[PDB]
Amino acid sequence: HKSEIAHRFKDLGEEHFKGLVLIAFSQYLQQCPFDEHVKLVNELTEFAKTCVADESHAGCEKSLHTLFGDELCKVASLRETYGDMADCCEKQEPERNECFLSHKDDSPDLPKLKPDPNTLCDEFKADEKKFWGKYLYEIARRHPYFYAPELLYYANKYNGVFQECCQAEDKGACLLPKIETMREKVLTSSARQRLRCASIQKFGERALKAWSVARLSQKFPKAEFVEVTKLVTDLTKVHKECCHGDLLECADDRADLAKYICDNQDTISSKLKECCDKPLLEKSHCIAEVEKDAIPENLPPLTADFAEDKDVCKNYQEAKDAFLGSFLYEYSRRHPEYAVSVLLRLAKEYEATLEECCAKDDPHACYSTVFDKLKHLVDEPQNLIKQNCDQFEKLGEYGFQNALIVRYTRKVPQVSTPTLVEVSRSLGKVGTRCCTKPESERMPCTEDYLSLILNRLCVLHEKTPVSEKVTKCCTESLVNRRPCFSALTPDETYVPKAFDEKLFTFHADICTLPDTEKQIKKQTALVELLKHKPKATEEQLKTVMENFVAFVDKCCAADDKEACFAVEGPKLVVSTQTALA
Ligand SMILES: [Au+]
Ligand SMILES: [Mg+2]
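Here is what the cut-offs are and how they apply
Keep in mind that residues are numbered from 1 along each chain as the sequence reads, not by the entry's scheme, and that residues without coordinates are left out. Chain A is the first chain written and ligand 1 is the first ligand written, with later ones labelled in order. Heavy atoms throughout the structure, all of them, feed into the side-chain values; hydrogens and water do not. Each helix is a run of DSSP H or I of at least 4 residues and each strand a run of E of at least 2, with the numbering of both proceeding from the N terminus. In this analysis, the expected span of each helix is defined as 1.5 Å times one less than the number of residues it contains. Think of it in three bands: with a 1.4 Å probe and only protein chains considered, a residue is buried below 20% of the maximum accessible area for its type, exposed above 50%, and partly exposed in between. Throughout, the arc means that of the directions going from the helix axis to the C-beta atoms. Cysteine sulfur atoms that pair up within 2.5 Å are treated as a disulfide. Segment limits for the domains were obtained from an automatic or database-derived domain assignment. The contact criterion used throughout is that any non-hydrogen atoms of two residues lie within 4.5 Å. Two parts placed together each lose some accessible area under a 1.4 Å probe, and adding up what both lose gives the buried area. Between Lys or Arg on one side and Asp or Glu on the other, a salt bridge is scored when a side-chain nitrogen of the former is within 4 Å of a carboxyl oxygen of the latter. Here the nonpolar group is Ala, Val, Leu, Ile, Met, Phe, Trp, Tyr, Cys and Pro; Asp, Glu, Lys and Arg are the charged ones; every other residue, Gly included, is treated as polar.

- Looking at the method and resolution fields of the entry, one finds X-ray crystallography and 3.21 Å.

In structure tokens:
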């Protein structure tokens, strides 16, 4: 293929090709209408055909970055709509693309899609392929780093829901639990992916390679260290690809990996037959979430290769990363039950122990007892879960969430009120995800989800920074991010924010609000309280929360919504300044 774009079309087929390109446009230019995007997609798609006929046509030898980028620069409303993004056009590739990426909005502030059974069913029966595409649109433009192939898979599943439910009688009661389930999976899938993109973009491939080794050695402990390095290499490239935005190349390599993995399951995992039956995209999804394989029986103890062994310092100096990779693998395959995040912590620690012990007099005497500083980092996470699950069960979801709001607002009062609300809400849902799960399954479940959610915090923060505490924690480590935040305590350095009455005014429009957006208004007010009076003991906040509730309820159900929020509102406000010294 003297022509990359031709290659892609051949390799992917029109349907997906057309999808991935719409995703890309939707991800770079996030506030453009669906229509205007569809347009560009066909333009690029027609041309793609030109090149598959004539690999030698003018332009075909151009990179997919050049090509796609040139198209972006032709959008006429682009400076108007996107600002300093228009300036990226003045630049050569690959600086141009890099500039485009950096203008991707991680918090895009677009209407929260509140789905109507009846109307959505109409669009489906009408245009199934436009409906599918508009899904692709609306997700991708809200998740500009969403793993492109996986979002294809999700559009599929979304179609499978609507194709089935619009024929049931009570369409709504059929589909609405289904769209709700998926939604969580999609946000999880988004979160996971943005953490992959932040690994590479902020800590190098090295970082994301290790994230991999770990996870894969757990999935396929029956695989050689050779195999796993091949497998990793491949999957990192896919992820490097989807992150820098060459989505077609991404979707390709990923499918090539799926093909390879099934073409080799004999030297990877017994758990693969079920996956290696499916259609293209279903297959890859199933491989991702495969059952782990039984750990091989008679493996030596670790303590033999990496502590008892004589020439460990030596091997470590010979192939720094290989040796360390080796560790990560041997340790990862043995212990499926550890969280990935923990396993990697063990790895950096091991690295630290060797790096200190090697430049010493009697290096063996020093490193012999590494598995000692090592056990010490499997217990640290273990006690802080105990508390959380003790607290979740004793407070319920929304209640635990509010406790977290308080802890976080104290920890880093600096951070944007909107961020603290969204973050604390997600740390909350972790209770309901994990504490339910079997006592010993607990710590890994929580370690993974916190990994994502904390990254979300770092991602919103890095953009427009405020807390050196947040930044220090976000940048100093990737693995030790979670401990780093637990460590933080409130700042006597924090001068309390002044009283602003608009932060604690409640209009009769609090009863219009849905349950979710109702708690948010409430939770926001909690933050703005803790921000104004940071010293206030939960003693007081207790009756303050009981008080908003004494009031929201007394008016939202009063004879005249407003005459209440009118007079009874200011009452509450004078109240709480008398309440909080
Ligand atoms: Au636009
Ligand atoms: Mg390329």
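## Observations concerning helix α3 (residues 34-53)
Right, so step 1: Here α3 contains 20 residues, and its C-alpha end-to-end distance of 29 Å stays within 8% of the 28 Å for a straight helix at 1.5 Å per residue.
Right, so step 2: Among the residues making up α3, those that are buried are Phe34, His37, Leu40, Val41, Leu44, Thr45, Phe47, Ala48 and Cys51. For α3, the arc enclosing every buried residue in end-on projection is 170 degrees, short of the 170-degree limit, so these residues lie on one face. In α3, the exposed positions angled more than 90 degrees off the buried face are occupied by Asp35, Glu36, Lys39 and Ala53.

## Some words on the state of the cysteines
Right, so step 1: A complete count under the given rule lists 17 disulfides for this structure.
Right, so step 2: The disulfide partner of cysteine 51 is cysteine 60, and the S-S distance across this bridge is 2.0 Å. One quick way to see it: the torsion about the S-S bond of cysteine 51 and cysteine 60 is about -80 degrees, and its sign makes the bridge left-handed. Of the two residues, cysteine 51 and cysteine 60, neither departs from the other in class, the shared state being buried.

## Here we look at the environment of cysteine 88
Right, so step 1: Inspection of the secondary structure puts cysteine 88 in the loop between α5 (78-82) and α6 (95-101).
Right, so step 2: Classification of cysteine 88 as buried rests on a relative accessible area of 0%.
Right, so step 3: Sequence separation between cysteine 88 and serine 102 is 14 residues; the distance between their C-alpha atoms is 9.9 Å.

## Remarks on the domain arrangement of the chain
Right, so step 1: Here the chain is described as being made up of domain 1 (1-105), domain 2 (106-194), domain 3 (202-293), domain 4 (294-379), domain 5 (380-491) and domain 6 (492-569).
Right, so step 2: Between domain 5 and domain 6, the C-alpha centre-to-centre distance is 24 Å.
Right, so step 3: Each partner contributes to the interface: domain 5 provides 17 residues, whereas domain 6 provides 19 residues.
Right, so step 4: For the pair domain 5 and domain 6, the summed buried area comes to about 1,500 Å², and 62% of that belongs to carbon and sulfur atoms.
Right, so step 5: When residues of domain 5 are sorted by the area they lose upon contact with domain 6, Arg410, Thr417 and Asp491 head the list and together hold 34% of the total.
Right, so step 6: Scanning the region where domain 5 abuts domain 6 turns up zero salt bridges.
Right, so step 7: If one sorts the elements of the side of domain 5 that touches domain 6 by residue count, helix α18 (residues 370-411) sits on top with seven residues.
Right, so step 8: Tallied by class, the residues present in the side of domain 5 that touches domain 6 amount to eight nonpolar, six polar and three charged.

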